[PDB]
There are 6 protein chains.
Amino acid sequence: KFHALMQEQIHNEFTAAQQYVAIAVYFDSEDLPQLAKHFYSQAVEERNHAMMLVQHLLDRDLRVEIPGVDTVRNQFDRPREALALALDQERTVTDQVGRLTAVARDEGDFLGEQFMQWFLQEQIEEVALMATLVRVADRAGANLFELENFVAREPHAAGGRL
Amino acid sequence: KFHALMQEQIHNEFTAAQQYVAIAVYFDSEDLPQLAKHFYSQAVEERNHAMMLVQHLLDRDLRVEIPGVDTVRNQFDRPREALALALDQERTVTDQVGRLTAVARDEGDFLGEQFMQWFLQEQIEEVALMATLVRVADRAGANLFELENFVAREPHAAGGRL
Amino acid sequence: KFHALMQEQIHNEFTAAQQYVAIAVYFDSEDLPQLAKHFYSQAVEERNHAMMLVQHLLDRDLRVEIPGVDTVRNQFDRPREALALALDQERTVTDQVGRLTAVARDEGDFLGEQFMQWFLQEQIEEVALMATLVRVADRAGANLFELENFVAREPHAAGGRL
Amino acid sequence: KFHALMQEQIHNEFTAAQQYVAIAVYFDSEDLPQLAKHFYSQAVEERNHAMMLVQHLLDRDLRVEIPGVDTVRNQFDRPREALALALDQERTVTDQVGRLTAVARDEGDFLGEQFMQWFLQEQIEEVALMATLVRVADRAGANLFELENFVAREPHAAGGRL
Amino acid sequence: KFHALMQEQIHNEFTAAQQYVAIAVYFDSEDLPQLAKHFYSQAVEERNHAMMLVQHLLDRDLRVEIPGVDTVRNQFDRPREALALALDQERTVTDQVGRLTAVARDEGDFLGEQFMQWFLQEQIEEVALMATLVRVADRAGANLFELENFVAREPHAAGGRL
Amino acid sequence: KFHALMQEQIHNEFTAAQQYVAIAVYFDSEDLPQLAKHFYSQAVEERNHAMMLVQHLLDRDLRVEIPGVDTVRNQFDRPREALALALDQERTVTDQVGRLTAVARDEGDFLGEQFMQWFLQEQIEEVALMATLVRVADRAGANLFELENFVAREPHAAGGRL
């Protein structure tokens, strides 16, 4: 039952990651190379997370499946609104991850519970950063050059990390 | 109109790549580390291909979209059957790529035509290899150890290559 | 009371470790150098675990005792059966470790609870590996050479690590 | 509400840290360079802990405040009595940290819960050492030279460490 | 009597230093990493000053005490107002230091008088800098990016420096 | 028949080694790091000896078994009494080893006789040292600091040494 929720999380993460590529590609086309570079990177790290969940099920000889990925959002009024979706998403992932921890606790699946511990910390950091990008984006008017300057200056995964 | 077909190919490639992860994870769970390591790699290179198509539309200031990904196959009777799907898939991708070339030629889109040239050559090699893995898999009975030994011994993409 | 269960675990781990030596020496006599080398190593790492528990009680100025060790199994019908005992044992250790975590949680011993967290993760990996050795051993008939090739290719502790 | 208790802990830790400086300065004046050097260091590491708490609230975009610091003890009958206060203090900090863990658990604040995990382990070690200094101090009569010989021989922080 | 005033200065300096941390943490939460980094550093150097005074009393075998620290200001309307408090504070510290020099002169405490000489020079520089940060902050509108770029581009102490 | 006595010696040595861990852990808890460090090491070297015996039977294709280990002593009135047990133990091991040599001589087992030769020499040295630690321990009153200063200043094994 925590197993079923973990599978679903693999799906969520693959989706989340795809959404990042979409966001990265959006920035790339808006000639925001720095933001783009970052979210290209961000998408890869999210893929890593997925593969870490895959790996956990593998290690526990539980059934695992590589899911499809939902359509993701490709059109944005402006860079800030994209950064917003990214923060909003990371906040959601944090919820999902919290819930997994809860379920594992309830089922007294101690292995699952500790395995989620790292993810919780990672989420604190991902949210912290998306939040910062949004604030700084707000501070920079349609002066995206400022946003771009700012970005420029400031468990085992199945397959490897990349 | 070649533009539309190129978008659809971005979707195909992201799908194809996902299917590789599925195959990789399958091998990984069957304790076939060498096969698995390879297809994990294979899936990343396919992702690269997708991103190369993304990059092409970017460079031409044509609309581009990061698609969702179809469900992919996760269960196989045996390693050979998975290798089969991979060959079968790469053959299909070759078709799609040929068809893109044809459409570009027909529309006299000389930029699109030349951009596809590299992909044609890549497909020759990808198919050549999947084909080899299938033959060798056939030669090795249920003696997968032999298959494993064998594997062990023998354009700008948006984001970068991995 | 979690203290009592921790002492007992020190005993279990020393025992587990001894059983590995036994398994290692069995392989060694069967002219399975690779398997043997690994389980000699495996036994040392288990000893390390014991000493990590010793160290925890030391750091908490709680009474600790170096136990004796129960007789362990020395005769096996065949390599596979040995690897089996090893998996079976690591599964048991995981139980013990989970139960410790539970007891500490119940007693609201927050120090004990966190200290166990590492051990949970380690067990996920030890089990994952013994399981893999068993599957591969199954795949290899009485063709132990294949088993051997495969193995060849693929908290603070009191007194330190080894 | 765990947030409130966390703020209060930042205050506690700054206080604790200051008390160490006091202890270090005491030793310094007693011409106990080794003990002094150590507690100067100890005070810095405590400051680090405070800044790690500051950093956690920062990362979670929760309100954080740099508190004042209570008067700390400056006069001691003799080195042993200072070392005593230090052990007694570290034991108290351990309580506070446990309590935080408890509250986070109760409120099901999974992020706070995991973030506290490191601090629990650190406290095991700080207490272990203060306890050792007291025992050895006891063993050394007013023969402080022996105490001195002994000492000589044997999460992100807002700002950095030092 | 200069001794009494020196003790009080130890208190002032510890307080001043704490106020810097507050200012640093404020900037940090406003996503002004450069300003923050600098004032984190600034707070450490102020701590150093305190410890230098501690050391002076130590060297003269005069009674010294590690004081508590007053509450410091944590909320600011905007970065400029914080920089203001910082300048204002350093000017005050300069007064205190001057007054110490005066008292020592009056008491004909030649040792205290010379020991203060270094602190006078340091204050000239600290004030010079806080003043510069304020002017530049004025010049930069709510364009804090400019303030940030600017900062980015442009005796013995008890325990040691840090 | 010398073969039976050799097996029993493997048991003795594993026991002896465990007893050293006990002694090491005792010292560790008494805050005698140097003594502890040494006997941790000493226990490993004893384990080595056991494994050297295992190796001899392995090399001679004689049946060998990894034994359990008897309870060992964990409580001591004071450091000297522990050092005593250690000397007393090594003297006992020397007897056992002599007796093995004798039996091999009687049975005219020339291979066993020579293999024992090294162990005789090693015992001369182990006893020589335990004896020295006892004398020095006697010389040092309850002044253990002196004991500690002193310690600080002054065949194939199945699986390898440590």
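Residues numbered from 1 in each chain as written, not as in the entry; some residues may be left out. Chains lettered and ligands numbered in written order. Part of a larger assembly, values for the part shown. Heavy atoms only, no water. Residues with missing side-chain atoms left out of burial classes, pairs and counts.

### Quick notes on the side chain of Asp59 of chain A
By secondary structure assignment, the location of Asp59 of chain A is in helix 2 (residues 33-59). Within the buried set, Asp59 of chain A has no salt-bridge partner at all; the shortest N-O distance to an opposite charge, 8.3 Å, is to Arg135 of chain C. With sequence-adjacent residues up to four places away left out, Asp59 of chain A is seen in contact with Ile124, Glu125 and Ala128 of chain C. (Helix = DSSP H or I, 4+ residues; strand = E, 2+ residues; numbered from the N terminus. Buried < 20%, exposed > 50% of the residue type's maximum accessible area, 1.4 Å probe, protein only. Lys, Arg positive; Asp, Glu negative; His and termini not counted. Salt bridge = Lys/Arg side-chain N within 4 Å of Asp/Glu carboxyl O. Contact = heavy atoms within 4.5 Å.)

### Quick look at the UniProt feature "binding site: Fe cation 1" in chain A
All names here are of chain A. Cross-referencing UniProt, the feature "binding site: Fe cation 1" maps to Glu13, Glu46 and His49 in the present numbering. On the basis of their most widely separated C-alpha atoms, the annotated residues across 37 residues gather in one place, lying no more than 7.0 Å apart. With respect to the helices and strands, the residue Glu13 is situated in helix 1 (residues 2-29). When near neighbours in sequence (up to four residues on either side) are disregarded, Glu13 contacts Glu46, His49, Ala50, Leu53 and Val93. One can find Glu46 in helix 2. (UniProt positions renumbered as here; feature names shortened; annotations may be inferred.)

### Concerning the arrangement of the chains
As for chain F relative to chain A, no contact occurs, and the smallest C-alpha gap between them is 28 Å. Spatially, chain B is disjoint from chain F: no contact exists, and the shortest C-alpha separation is 27 Å.

### Some points on the interface of chain A and chain B
On the side of chain B, 29 residues touch chain A, which itself brings 29 residues to the contact. Together, the buried faces of chain A and chain B total about 2200 Å²; carbon and sulfur atoms form 63% of this surface. The largest per-residue losses of area from chain A upon contact with chain B belong to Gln18, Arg47 and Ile66 of chain A, which jointly make up 23% of the total buried on that side. One can count five residue pairs in polar contact joining chain A with chain B. Of the residues in the side of chain A that touches chain B, the class split is 17 nonpolar, seven polar and five charged. (Buried area = accessible area lost by both parts, 1.4 Å probe. Polar contact = N/O pair within 3.5 Å; in protein donor to acceptor, adjacent residues only side chain to side chain. Nonpolar A, V, L, I, M, F, W, Y, C, P; charged D, E, K, R; others polar.)

### Re the pattern of salt bridges
Summed over all chains, the structure comprises 43 salt bridges over all chains. Of the charged contacts, one joins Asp106 of chain A and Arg105 of chain A as a salt bridge, the two residues approaching to 3.3 Å between their closest N and O atoms. Among the ionic contacts, a cluster of salt bridges with common partners joins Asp61 of chain A, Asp31 of chain B together with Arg135 of chain C.

### Regarding the packing of helix 2 of chain A against helix 5 (residues 144-153) of chain A
Residues and elements named next belong to chain A. For the pair helix 2 and helix 5, interaxial distance at closest approach is 8 Å and the crossing angle is 45°. Between helix 2 and helix 5, the crossing angle belongs to the class labelled oblique. Only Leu147, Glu148, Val151 and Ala152 of helix 5 make contact with helix 2, whose side of the interface consists of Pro33, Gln34, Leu35 and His38. By residue class, the composition of the contact of helix 2 with helix 5 is five nonpolar, two polar and one charged. (Axes fitted to C-alpha atoms, helices over the stretch in contact; angles between N-to-C directions. Parallel < 35°, antiparallel > 145°, perpendicular 65-115°, else oblique.)

### Notes on the relation of the copies chain D and chain F
With an axial shift of 0.1 Å and an RMSD of 0.1 Å, the rotation relating chain D to chain F amounts to 90°. Here the symmetry operator amounts to a four-fold rotation axis. (Least-squares fit on C-alpha atoms.)

### Here's the deal with the interface of chain D and chain F
The partner chain F presents 12 residues to the nine residues of chain D that form the contact. Counting each side, the surface lost to burial between chain D and chain F is near 920 Å², with a carbon and sulfur contribution of 47%. On inspection of chain D and its partner chain F, the count reaches one salt bridge. Remark: the boundary between chain D and chain F carries seven residue pairs in polar contact. Only helix 4 (110-139) and helix 5 (144-153) of chain D provide two or more residues apiece to the side of chain D that touches chain F. A total of four residues in the side of chain D that touches chain F trace back to one element, the largest contributor, which is helix 4 of chain D. For the side of chain D that touches chain F, the per-class residue count stands at three nonpolar, one polar and five charged.

### Re the relation of the copies chain A and chain B
Mapping one chain copy onto the other needs a rotation about an axis and a shift along that axis. When chain A is fitted onto chain B, the two copies agree to an RMSD of 0.1 Å after a turn of 180° and an axial shift of 0.0 Å. Taken together, the rotation and translation describe the operation of a two-fold axis. Closest approach to the rotation axis within chain A is made by the C-alpha atom of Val69 of chain A, at a distance of 2.3 Å. The residues that chain A uses at the interface reappear at the interface of chain B in 100% of cases, marking a shared surface.

### A closer look at the UniProt feature "binding site: Fe cation 2" in chain A
Residues and elements named next belong to chain A. Under the UniProt annotation, the feature "binding site: Fe cation 2" is placed at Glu46, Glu90 and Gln123. Despite a sequence span of 78 residues, these residues sit close together in the fold, their greatest C-alpha distance being 10.7 Å. Along the chain, the position of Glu90 falls in helix 3 (residues 79-106). Residue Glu90 is classed as buried on the basis of its relative accessible area of 0%. Beyond its immediate sequence surroundings of up to four residues, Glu90 is in contact with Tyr20, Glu46, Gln123, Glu126, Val127 and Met130. Assignment of secondary structure puts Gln123 in helix 4 (residues 110-139). Look past the residues within four positions of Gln123 in its chain and what remains in contact with it is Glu46, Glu90, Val93, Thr94 and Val97. Within the structure, the side chain of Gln123 is placed 2.9 Å from the side chain of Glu90, a separation counted as a polar contact.

### Here's the deal with the packing of aromatic side chains
Considering all chains together, one arrives at 36 aromatic pairs over all chains under this definition. Ring geometry for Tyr26 of chain B and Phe76 of chain B: centres 5.0 Å apart, planes at 55°, overall tilted. Here the residue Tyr26 of chain B occupies a position in helix 1 (residues 2-29), and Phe76 of chain B occupies one in the loop between helix 2 (33-59) and helix 3 (79-106), the gap between them amounting to 50 residues. Exposure class is identical for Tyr26 of chain B and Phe76 of chain B. Each is buried. Linked through ring pairs, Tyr20, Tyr26, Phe27, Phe39 and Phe76 of chain A together constitute an aromatic cluster. The ring centre of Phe145 of chain E lies 5.3 Å from the NZ or CZ of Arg139 of chain A, which sits over that ring. (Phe/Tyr/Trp six-rings, centres within 6.5 Å; stacked < 30°, edge-to-face > 60°. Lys NZ or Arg CZ within 6 Å of the ring centre and 35° of its normal.)

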